[PDB]
Amino acid sequence: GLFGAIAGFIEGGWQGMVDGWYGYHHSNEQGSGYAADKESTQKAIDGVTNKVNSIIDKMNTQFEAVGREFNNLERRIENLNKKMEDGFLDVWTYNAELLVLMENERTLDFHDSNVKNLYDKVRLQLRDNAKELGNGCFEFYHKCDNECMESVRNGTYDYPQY
Amino acid sequence: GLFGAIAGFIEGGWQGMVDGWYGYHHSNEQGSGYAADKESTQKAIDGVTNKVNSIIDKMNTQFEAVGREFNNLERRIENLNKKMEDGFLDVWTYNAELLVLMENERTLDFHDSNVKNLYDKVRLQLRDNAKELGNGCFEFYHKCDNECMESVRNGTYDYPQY
Amino acid sequence: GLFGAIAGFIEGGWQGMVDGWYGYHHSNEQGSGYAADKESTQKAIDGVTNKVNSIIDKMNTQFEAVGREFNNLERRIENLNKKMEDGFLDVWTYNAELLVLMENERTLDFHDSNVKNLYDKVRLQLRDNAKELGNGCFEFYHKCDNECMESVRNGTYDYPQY
Amino acid sequence: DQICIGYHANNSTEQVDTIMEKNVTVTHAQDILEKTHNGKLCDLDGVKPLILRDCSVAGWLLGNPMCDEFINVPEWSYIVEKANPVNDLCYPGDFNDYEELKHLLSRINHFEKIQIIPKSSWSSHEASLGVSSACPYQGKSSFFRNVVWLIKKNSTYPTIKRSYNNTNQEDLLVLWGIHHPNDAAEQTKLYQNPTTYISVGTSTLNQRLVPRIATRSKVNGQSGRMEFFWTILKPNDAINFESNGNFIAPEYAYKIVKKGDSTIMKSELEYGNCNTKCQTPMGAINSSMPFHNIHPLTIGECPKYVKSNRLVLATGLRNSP
Amino acid sequence: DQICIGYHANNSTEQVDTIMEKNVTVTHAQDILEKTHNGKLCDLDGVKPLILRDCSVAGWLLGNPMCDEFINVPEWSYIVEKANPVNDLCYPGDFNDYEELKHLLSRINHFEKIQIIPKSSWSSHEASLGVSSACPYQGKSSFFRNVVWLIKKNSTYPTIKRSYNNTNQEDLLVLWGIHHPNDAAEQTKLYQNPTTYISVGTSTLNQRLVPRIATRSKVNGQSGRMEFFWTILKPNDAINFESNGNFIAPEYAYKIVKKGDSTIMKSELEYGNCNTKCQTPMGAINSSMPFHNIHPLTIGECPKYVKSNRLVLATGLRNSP
Amino acid sequence: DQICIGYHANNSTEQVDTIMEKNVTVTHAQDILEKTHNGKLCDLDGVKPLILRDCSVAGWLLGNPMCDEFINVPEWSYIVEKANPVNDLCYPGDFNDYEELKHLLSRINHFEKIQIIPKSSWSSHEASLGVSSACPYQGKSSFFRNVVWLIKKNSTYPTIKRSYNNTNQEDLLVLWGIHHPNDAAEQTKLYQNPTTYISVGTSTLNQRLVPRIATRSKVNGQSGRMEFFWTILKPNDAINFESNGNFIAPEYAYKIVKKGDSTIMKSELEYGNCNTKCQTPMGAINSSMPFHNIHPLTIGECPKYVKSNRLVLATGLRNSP
Ligand SMILES: CC(=O)N[C@H]1[C@H]([C@H](O)[C@H](O)CO)O[C@@](OC[C@H]2O[C@@H](O)[C@H](O)[C@@H](O)[C@H]2O)(C(=O)O)C[C@@H]1O
Ligand SMILES: CC(=O)N[C@H]1[C@H]([C@H](O)[C@H](O)CO)O[C@@](OC[C@H]2O[C@@H](O)[C@H](O)[C@@H](O)[C@H]2O)(C(=O)O)C[C@@H]1O
Ligand SMILES: CC(=O)N[C@H]1[C@H]([C@H](O)[C@H](O)CO)O[C@@](OC[C@H]2O[C@@H](O)[C@H](O)[C@@H](O)[C@H]2O)(C(=O)O)C[C@@H]1O
Ligand SMILES: *[C@@H]1O[C@H](CO)[C@@H](O)[C@H](O)[C@H]1NC(C)=O
Ligand SMILES: *[C@@H]1O[C@H](CO)[C@@H](O)[C@H](O)[C@H]1NC(C)=O
Ligand SMILES: *[C@@H]1O[C@H](CO)[C@@H](O)[C@H](O)[C@H]1NC(C)=O
Ligand SMILES: *[C@@H]1O[C@H](CO)[C@@H](O)[C@H](O)[C@H]1NC(C)=O
Ligand SMILES: *[C@@H]1O[C@H](CO)[C@@H](O)[C@H](O)[C@H]1NC(C)=O
Ligand SMILES: *[C@@H]1O[C@H](CO)[C@@H](O)[C@H](O)[C@H]1NC(C)=O
Ligand SMILES: *[C@H]1O[C@H](CO)[C@@H](O)[C@H](O)[C@H]1NC(C)=O
Ligand SMILES: *[C@H]1O[C@H](CO)[C@@H](O)[C@H](O)[C@H]1NC(C)=O
Ligand SMILES: *[C@H]1O[C@H](CO)[C@@H](O)[C@H](O)[C@H]1NC(C)=O
């Protein structure tokens, strides 16, 4: 993807992270586990939801075909009528397919971007207090117990303290 | 935004930076202040200006309704006429609204990207001669007087010299 | 570009790299040269190729004008016919031009992104075993012979070994 | 000790298309195209359609004697007519401005039949021998029940001069006709007078029809023709007839009580015993999808019609293998 | 010591919509939709429109005596007609191919009236008693000023044979008519001859009209009808009349001097004393916006019409709170 | 020692447009708009078009004697007619429902001419003096070869009663006509009977034409007019004529052997000796481009028409200077 995170430097997703789109996994002497980042998840939910409603709504006004009948010596206007009705169907079919293709691409990239930005958010806190492993993970120089881990997810990671 | 800078790791904008879209703020013993980055600003102005003119121009050729009258036993073609004229209005209304939505989204991201790229440009000069604070700012290891600050904005920051 | 690599921190392209869209250039005591990154190149070729075929295919169904003739006292429906046929041409002309503009912009950014991601891929391997020069290049702390260089392009660069 | 940033995966096999890549598996998606219908014709919001069955709009309105089912139809939601109904004009001919009338019906939900010129009131003419073998009823020769085919009485077709004033409030659809006979001998045989006409006038109408002799192929056993005409008589307006012969006089005309959204839908299907908010010629639709691909000609509160086989939006993200 | 990278903010409350987010405050924006008009009908580039006021195109062209204001109109930019003008056909009837003629006018900016058959020149017929109470002028019975309603003289309507050669350069709009009377008694009373006709011929035209008797509701005090016809006589072509009675002969026809962009605009509004480059039926437009939402039917150098309430493009960036 | 990441550059000067920037040089690009044609009219998939040259569809079908080239045309792929063919109706007049017939031809690839009423078989009338100076052939007066202009014999035009049964399988296009003379003297001079008619009947047709006298400008030396009519006689159906005079009787009618995709293309160009899969009125097209900008009215397997001057997609990347 455009932002390099999803199926990029972060090789694959987590079947084990069940309660959000993006989050953290920690490993220390007390154990390990997954925690969803609520803020970035909810941001994603609001965006995609607005997108779908925007898409549905924009297609609200759109051509409706009406039955019109013509006799045997009104073939020209009958044919005009047919070409007209068909032409608008083709225009709106095209609009709908193209919009879905384009926005689907944008939706996948939006997620990629949200992941890259959460990764950077964490990177910019930890600075030189952790090794950047290259795979989504940071390996700490100090021990980082659950309270420590929580401060990274907080936004509160006290860099001078370590 | 997709690029993480605007309203992201850079929390908010600067009421005090008045003469450009993007730039720098410095703090040292001689004082402090704002300086617009002319190059990236002008690039943005050219892009957005071309976008608006592209948008206006593409809508140049577009359906124009004409008055056509029909008698009491020409209801079918009158109705055809009406559906035709309305149908094209709906198609062009849709085009215009969708274009504006889509490009507005792209315009906001363009700016975000220009900010992220100016931040990186500075980051790649300073390398390990400054601490990356996580908020848009770099805190220097050496003292950095006004001439020093100017070389960062120059593109000239002499890394070996410090 | 949105991703900052092409004509950004990487100043210009390589006339000397002939067998791919993106790749590496190395310099050491044994010599120097260019090597295309096959994976990211082929990814780009598949994407752009699918784009072009998607674009061609979506325009497959599209309005076709038919000859219709009218007599001297059928001017109203003749004019309706003309406005109808012209109107659909204008709609499809607009669709085609706008799609090409929009996707061309996306294609240029796709490439930019592929470059930025290959640069990061290498950056995340080398970590602190090389200086990030700011221009696309990494200057190594250790000597890096051809086998060494190849491991960077491999994805195999053994960081602990240096 | 480490902390990692990552993303959701799941067991989903839903796929979406993008410009650069087709069939991308995603964790979540949303179909927006309705592909199914119930295959039936149904009541639209509880209000039944007029299913003309084997009759046409002409058969119905003129009162083709095989279309007695529709002799007094209640309010309808839409109308259903087959592609080629067998019970059309039983006596061959034409129906003038037929399509323009059908278009008028698309804005009508209810007719109320009323008698304007009683059959009994034709004392100077024969009004009960206006029948033919082309329009049979229960084994016997009959005719379009709404118009009266008048013929000569005691070898005399005196001039007809009739007038009806639309004193009711609702626009009135008046139907009448002309008979085109085979030869000079048939003309005098039915109407006596050799050169005849029908003149019709209203506030706006200024008609004068003359019968037309020509040798014609037989159609349903007849070489003679009927040509039917109509008008909408406004309120307080009067229709005026004058004829010499060949006149198919109105008995019943239709009162236009309810004007509104309606449609003539072409379909072979019968009634489904059924209710829907959105109907198509192939079946009814019940969904919240913004789009469907069943048929372009719908009536009711419907999704928008597109020609797609598939429209699915990504909501979630690229799912891992 | 530090250096920071940042972006502009300001006091702006302008907002824009995107697909994923509505009402995003931005530092700069550009409205592209014109929403206002001046509410008036105006000169288009200094050239005044023909405001028919209470007259219709038929009233104007036939010369309804209540439409003397338009007896000789200068060049116009567009035409304005009310939805239901009161001064239409003062003597009731129809105007044949009326809409096709109105369409012809949309390509015409100037007519120049000229006399082709002088009123005085009808010496074998009465040409000055062709009036009615349905077309009054200053208390007295009058008639469409451009055509002459000829009646019998000393109880004799001899055959008319007139011909006019279009020797001028400009296409000529010729109007004429037929009178449909109430009964046989009225026919002979006005024209003597009981069975009559009007034959009209040109290079292309091959017409023969016959009057049509029928009993008709009264409209503006008359049950008789006039049916008006027209043609465009090319240059060097001749129009040929022959009649027996019931002929409404041309006196004046219109020369087509200027062909160009024009339109018949339907509006109740009067003249605004006013100038614009873009006119609509609701008012004139003055803006550089590429779009507007006033009315689809415009004339002049106009923005493109869309049905939007709002079109605003982001130029600047997301503004901070 | 160092390793660098970089991208391709080359000597390309191809340029593409984007929303924000025009004329961006790229390393690779793909034109998708066909701009060239061969400037010729050609066979469509080996099947030659009917090039009517200086004849119109009317001239062709009625058999204008200057259109003998097309006396028996083989199967065609499309038809080519000039904007104003000189050999149209040589004897002036009209062709009734002409455009509706031309529309019918757009679904026809082959006619097979057959004789339905032999010229010799008119023993009670003169059938070989139905000629005029307006339709000359090799210096001598001739006439539309497919219909027979019958006149009186030994000062007697007895009633005609003819019938043709369509016993062949293929729909039949039958053409006939009426002659409108100048005055009462010409009527009796050609047809004797002063008041005449032509009655035509089929399964569906119920026609009765009467000639129409009027004084008309001369056109190709004649002030008299011919008005031509047509029908499609189904299989097993019979057409029935009856006339008094003024009848232009069918001799030949056209059998509709092949129905399919066709078109009447308006062009001044002649045959190019040539083959294509896609034809336009300006020339043929041979390309794999998905789009072209030559002309909207094409026939065959064609790219989609757009009004663009240029459509070029970026494939490669921004090329360095
Ligand atoms: C009112 C009347 O005259 N009814 C007649 C009717 C008409 O005279 C006729 O339709 C006018 O064109 O004709 C009917 O007889 C015609 C009928 O005769 C049968 O013997 C034969 O089998 C049929 O093919 C047909 O010719 C009719 O039935 O229509 C009698 C009717 O009473
Ligand atoms: C030229 C001419 O004959 N003018 C008459 C006119 C016609 O005879 C008539 O319109 C043809 O249909 O009739 C006029 O009288 C009719 C008029 O008589 C009044 O007394 C009455 O109030 C009206 O309702 C109406 O019947 C006419 O005014 O049109 C007289 C005119 O001179
Ligand atoms: C069948 C027949 O009558 N042919 C005549 C024809 C018709 O009588 C006439 O066209 C009916 O309107 O007239 C022809 O003569 C008319 C012709 O006479 C010339 O002398 C003159 O130069 C011409 O302008 C024209 O008036 C004809 O040629 O059409 C003779 C033809 O035999
Ligand atoms: C995608 O999936 C569909 C349906 O399962 C399949 O028919 C189609 O060929 C696939 N398309 C591509 C481009 O692989
Ligand atoms: C019909 O009758 C009503 C009153 O019964 C009357 O007012 C109306 O004018 C009559 N019809 C006419 C005049 O055509
Ligand atoms: C956005 O602002 C408008 C106008 O001020 C308001 O009416 C509307 O409800 C807002 N829309 C949303 C989605 O909040
Ligand atoms: C009309 O007159 C001109 C010359 O005055 C003449 O050339 C023209 O032919 C005449 N009209 C005809 C022949 O219909
Ligand atoms: C781009 O190139 C074209 C063709 O060479 C030239 O005519 C045009 O002016 C250029 N457009 C711009 C915006 O510079
Ligand atoms: C024409 O002839 C065929 C048999 O030769 C016959 O079956 C058909 O009915 C005839 N035409 C009619 C009845 O109009
Ligand atoms: C987050 O976690 C830290 C350490 O567990 C705690 O002390 C602090 O109060 C929390 N802060 C926030 C903003 O949640
Ligand atoms: C920028 O600033 C430095 C230090 O102030 C100065 O010496 C140098 O000349 C400048 N270079 C450029 C490119 O402006
Ligand atoms: C890549 O190169 C290294 C060093 O040259 C080599 O030993 C190794 O086998 C290679 N690995 C891959 C995956 O190509």
Side-chain angles (χ1 to χ4, degrees), chain A residues 2-3 40 43 47 50-51 54-55 57-71 74 76-78 80-85 87-89 91-92 94-96 98-99 102-103 106 109-128 155 157 159, chain B residues 1-11 63 68 70 73-106 108-109 112-113 115-116 119-120 123 127-128 130-139 141:
Chain A
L2 286 178
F3 296 89
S40 68
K43 218 142 192 166
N50 289 340
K51 175 179 288 207
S54 281
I55 285 174
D57 181 62
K58 254 12 162 166
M59 309 292 319
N60 182 249
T61 314
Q62 157 176 344
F63 190 81
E64 303 183 5
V66 189
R68 282 182 210 89
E69 277 159 276
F70 308 88
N71 74 41
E74 287 178 322
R76 288 168 300 154
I77 59 176
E78 170 174 54
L80 196 174
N81 191 58
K82 182 196 188 305
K83 256 66 236 305
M84 204 226 60
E85 297 218 305
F88 283 120
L89 301 179
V91 168
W92 288 108
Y94 165 98
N95 288 351
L98 189 70
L99 184 71
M102 286 180 163
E103 290 292 332
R106 294 212 92 215
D109 293 328
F110 173 58
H111 288 301
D112 193 8
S113 161
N114 297 326
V115 171
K116 174 57 154 266
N117 290 345
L118 177 63
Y119 179 82
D120 288 322
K121 186 180 186 303
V122 167
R123 190 180 53 78
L124 298 156
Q125 292 187 78
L126 302 189
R127 291 157 66 171
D128 57 14
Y157 177 75
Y159 166 90
Chain B
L2 286 178
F3 296 89
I6 285 164
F9 72 84
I10 306 169
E11 245 206 315
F63 190 81
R68 282 182 210 89
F70 308 88
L73 291 172
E74 287 178 322
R75 293 301 173 193
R76 288 168 300 154
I77 59 176
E78 170 174 54
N79 178 72
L80 196 174
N81 191 58
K82 182 196 188 305
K83 256 66 236 305
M84 204 226 60
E85 297 218 305
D86 262 310
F88 283 120
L89 301 179
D90 288 346
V91 168
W92 288 108
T93 289
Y94 165 98
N95 288 351
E97 292 174 359
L98 189 70
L99 184 71
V100 162
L101 288 184
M102 286 180 163
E103 290 292 332
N104 281 350
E105 198 157 71
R106 294 212 92 215
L108 298 185
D109 293 328
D112 193 8
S113 161
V115 171
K116 174 57 154 266
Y119 179 82
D120 288 322
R123 190 180 53 78
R127 291 157 66 171
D128 57 14
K131 298 157 148 287
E132 193 174 7
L133 293 185
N135 63 349
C137 299
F138 296 97
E139 182 188 301
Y141 291 114

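A, B, ... follow the sequence lines: proteins, then strands. Residue 1 opens every chain.
- For the residue pair B/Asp128 / B/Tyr141, no side-chain donor-acceptor distance below 3.5 Å is found, with atom types taken as modelled.
- A distance of 8.5 Å separates CE of A/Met84 from NZ of B/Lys83, quoted to the nearest 0.5 Å.
- Rounding to the nearest 0.5 angstrom, the gap separating the CG atom in B/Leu101 from the OG atom in A/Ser54 is 6.0 Å.
- Counting heavy-atom pairs closer than 4.5 Å to chain B, the top residue among A/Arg123, A/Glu69, A/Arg68, A/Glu85 is A/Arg68.
- Contacts of A/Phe110 with chain B are made by both backbone and side-chain atoms, with heavy-atom separations under 4.5 Å.
- Residue A/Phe70 touches chain B through both its backbone and its side chain, counting heavy-atom pairs closer than 4.5 Å.
- B/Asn79 touches chain A through backbone and side chain together, each having a heavy atom under 4.5 Å away.
- Between chain B and the residues A/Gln125, A/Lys116, A/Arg106, the most heavy-atom pairs under 4.5 angstrom are made by A/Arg106.
- A donor-acceptor pair under 3.5 Å is formed between the side chain of B/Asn104 and the backbone N or O of B/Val100.
- B/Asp112 contributes a side-chain N or O that, together with a main-chain N or O of B/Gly4, makes up a donor-acceptor pair within less than 3.5 Å.
- Both the backbone and the side chain of A/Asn95 come within contact range of chain B, with heavy atoms under 4.5 Å apart.
- Between atom NZ of residue B/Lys131 and atom CZ of residue B/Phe138 there is a gap of 13.5 Å, rounded to the nearest 0.5 Å.
- Under 4.0 Å is where a charged nitrogen must lie from a carboxylate oxygen, and between B/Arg75 and B/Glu78 at least one such pair does.
- Contacts between A/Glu74 and chain B at a heavy-atom distance below 4.5 Å involve the side chain alone, from C-beta outward.
- Heavy atoms closer than 4.5 Å to chain A are found in both the backbone and the side chain of B/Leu80.
- Remark: the backbone N or O of A/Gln62 is not paired with any side-chain donor or acceptor of B/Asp90 at under 3.5 angstrom.
- Neither the backbone nor the side chain of A/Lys121 comes within less than 4.5 Å of any heavy atom in chain B.
- In terms of heavy-atom pairs under 4.5 angstrom with chain B, the leader among A/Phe63, A/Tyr159, A/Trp92 is A/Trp92.
- The part of A/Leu99 that comes within reach of chain B is its side chain, from C-beta onward, which places non-hydrogen atoms under 4.5 angstrom from that chain.
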